[PDB]
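Novice: Structure provided below as C-alpha cells; questions to follow.
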Amino acid sequence: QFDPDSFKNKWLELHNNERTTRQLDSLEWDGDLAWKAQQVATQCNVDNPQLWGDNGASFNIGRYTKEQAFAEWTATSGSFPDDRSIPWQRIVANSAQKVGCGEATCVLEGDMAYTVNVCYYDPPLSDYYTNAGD
C-alpha cells in the first residue's frame with residue numbers, strides 16, 4: 001500500500017521548500033540513495049543502524065509521519081553550527097545536490113506500529129566552509 005510517485009513528491013517538496021526560502025538550488029531525487037535509505041529504514045533501528053559505503057552516514061533518520069520527521073530535523077537549526085544542528089545542516093547544505101528517502105513500518109509489541117523515515121544526501125556533508133561553497 002504505497003504510491004511511489006506521490007512519495008517522491010512529498011519528500012522533495014519538504015526539502016525544497018526549506019531550501020527555496022533560503023536562496024538555495026533545489027535538490028533532485030536519486031533512486032540509489034532512496035534505495036540505500038530503505039535498506040537502513042528496514043532494520044527498525046534509529047540509534048544503531050548497520051551502514052555501508054563511503055557516504056554511509058550521510059543521512060537523516062526519524063520516526064512517525066513525513067512532516068513530523070522532517071520538522072524534528074529542521075528544529076535543530078537553532079544551534080548551527082554545532083554538532084546538534086547536523087540534521088538541519090544536511091538539508092540546507094549548499095554543496096548538497098541529491099536526496100533519496102525511504103521508509104519502513106516497524107512495531108512496538110502490543111502497541112500501534114510507527115513508520116521509520118530515512119533520507120540520504122549527496123554529496124556527503126563535509127567541513128563548515130565546504131558546505132556553504134557553490
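Chain identifiers are assigned as A, B, and so on, following the order in which chains appear in the C-alpha cells; residues are numbered from 1 within each chain, and ligands are numbered from 1 in order of appearance.
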Using DSSP on the backbone, list every residue of chain A that comes out as alpha helix (DSSP H), and give them as a PDB file with C-alpha atoms, in the first residue's frame.

Specialist:
```pdb
ATOM      1  CA  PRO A   4       5.902   5.920  -5.145  1.00  0.00           C
ATOM      2  CA  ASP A   5       5.194   8.951  -7.336  1.00  0.00           C
ATOM      3  CA  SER A   6       3.483  10.899  -4.544  1.00  0.00           C
ATOM      4  CA  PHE A   7       6.155   9.654  -2.063  1.00  0.00           C
ATOM      5  CA  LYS A   8       8.985  11.255  -4.066  1.00  0.00           C
ATOM      6  CA  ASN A   9       6.945  14.410  -4.446  1.00  0.00           C
ATOM      7  CA  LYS A  10       6.195  14.925  -0.821  1.00  0.00           C
ATOM      8  CA  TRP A  11       9.767  14.381   0.277  1.00  0.00           C
ATOM      9  CA  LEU A  12      11.141  16.649  -2.414  1.00  0.00           C
ATOM     10  CA  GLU A  13       8.643  19.356  -1.582  1.00  0.00           C
ATOM     11  CA  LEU A  14       9.540  19.274   2.114  1.00  0.00           C
ATOM     12  CA  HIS A  15      13.249  19.546   1.326  1.00  0.00           C
ATOM     13  CA  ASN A  16      12.931  22.039  -1.478  1.00  0.00           C
ATOM     14  CA  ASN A  17      10.541  24.423   0.366  1.00  0.00           C
ATOM     15  CA  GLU A  18      13.132  24.721   3.115  1.00  0.00           C
ATOM     16  CA  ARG A  19      15.918  25.398   0.645  1.00  0.00           C
ATOM     17  CA  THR A  20      13.946  27.690  -1.668  1.00  0.00           C
ATOM     18  CA  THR A  21      13.208  30.085   1.199  1.00  0.00           C
ATOM     19  CA  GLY A  31      16.986   6.397  -6.669  1.00  0.00           C
ATOM     20  CA  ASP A  32      20.238   4.854  -5.458  1.00  0.00           C
ATOM     21  CA  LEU A  33      20.055   6.941  -2.303  1.00  0.00           C
ATOM     22  CA  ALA A  34      16.381   6.164  -1.902  1.00  0.00           C
ATOM     23  CA  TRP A  35      17.215   2.510  -2.085  1.00  0.00           C
ATOM     24  CA  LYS A  36      20.032   2.833   0.482  1.00  0.00           C
ATOM     25  CA  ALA A  37      17.588   4.777   2.595  1.00  0.00           C
ATOM     26  CA  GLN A  38      15.152   1.958   2.541  1.00  0.00           C
ATOM     27  CA  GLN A  39      17.859  -0.576   3.420  1.00  0.00           C
ATOM     28  CA  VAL A  40      18.603   1.367   6.568  1.00  0.00           C
ATOM     29  CA  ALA A  41      14.959   2.071   7.265  1.00  0.00           C
ATOM     30  CA  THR A  42      14.033  -1.658   7.104  1.00  0.00           C
ATOM     31  CA  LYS A  66       6.991  12.706   6.966  1.00  0.00           C
ATOM     32  CA  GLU A  67       6.114  16.129   8.226  1.00  0.00           C
ATOM     33  CA  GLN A  68       6.872  15.282  11.806  1.00  0.00           C
ATOM     34  CA  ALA A  69      10.158  13.635  10.957  1.00  0.00           C
ATOM     35  CA  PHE A  70      11.263  16.480   8.771  1.00  0.00           C
ATOM     36  CA  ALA A  71      10.342  19.063  11.378  1.00  0.00           C
ATOM     37  CA  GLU A  72      12.320  17.292  14.066  1.00  0.00           C
ATOM     38  CA  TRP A  73      15.364  17.676  11.786  1.00  0.00           C
ATOM     39  CA  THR A  74      14.833  21.333  10.855  1.00  0.00           C
ATOM     40  CA  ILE A  86      23.978  18.420  11.739  1.00  0.00           C
ATOM     41  CA  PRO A  87      20.489  17.128  10.735  1.00  0.00           C
ATOM     42  CA  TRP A  88      19.404  20.546   9.561  1.00  0.00           C
ATOM     43  CA  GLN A  89      22.831  21.014   8.021  1.00  0.00           C
ATOM     44  CA  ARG A  90      22.338  18.104   5.661  1.00  0.00           C
ATOM     45  CA  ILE A  91      19.129  19.605   4.312  1.00  0.00           C
ATOM     46  CA  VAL A  92      20.452  23.092   3.942  1.00  0.00           C
ATOM     47  CA  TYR A 128      31.801  24.064   7.753  1.00  0.00           C
ATOM     48  CA  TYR A 129      33.446  26.020   4.907  1.00  0.00           C
ATOM     49  CA  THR A 130      32.899  23.423   2.162  1.00  0.00           C
ATOM     50  CA  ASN A 131      29.201  23.059   2.867  1.00  0.00           C
ATOM     51  CA  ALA A 132      28.478  26.665   2.041  1.00  0.00           C
TER      52      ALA A 132
END
```

Novice: Considering only C-alpha atoms, return as a PyMOL selection string whatever protein or nucleic-acid residues lie within 6 Å of region 28-30 of chain A, sequence-local ones (same chain, fewer than 5 positions apart) excluded.

Specialist: chain A and resi 98-100

Novice: Keeping only C-alpha atoms, write those residues as a PDB file, in the first residue's frame.

Specialist:
```pdb
ATOM      1  CA  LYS A  98      20.654  14.984  -4.391  1.00  0.00           C
ATOM      2  CA  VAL A  99      18.326  13.344  -1.914  1.00  0.00           C
ATOM      3  CA  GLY A 100      16.591   9.955  -1.734  1.00  0.00           C
TER       4      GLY A 100
END
```

Novice: Which distance in Å separates CA of residue 63 (chain A) and CA of residue 76 (chain A), to one decimal?

Specialist: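 These atoms are spaced 15.4 Å apart.
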
Novice: Hey, can you check how far CA of residue 113 (chain A) sits from CA of residue 51 (chain A)?

Specialist: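 Between CA of residue 113 (chain A) and CA of residue 51 (chain A) the gap is 23.7 Å.
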
Novice: Between CA of residue 47 (chain A) and CA of residue 95 (chain A), measure the distance and give it in Å to one decimal.

Specialist: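 These two atoms are separated by 26.3 Å.
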
Novice: Select, from A:45, A:60, A:85, A:79, the residue with the minimum atom-to-atom distance to residue 120 (chain A), counting only C-alpha atoms.

Specialist: A:60
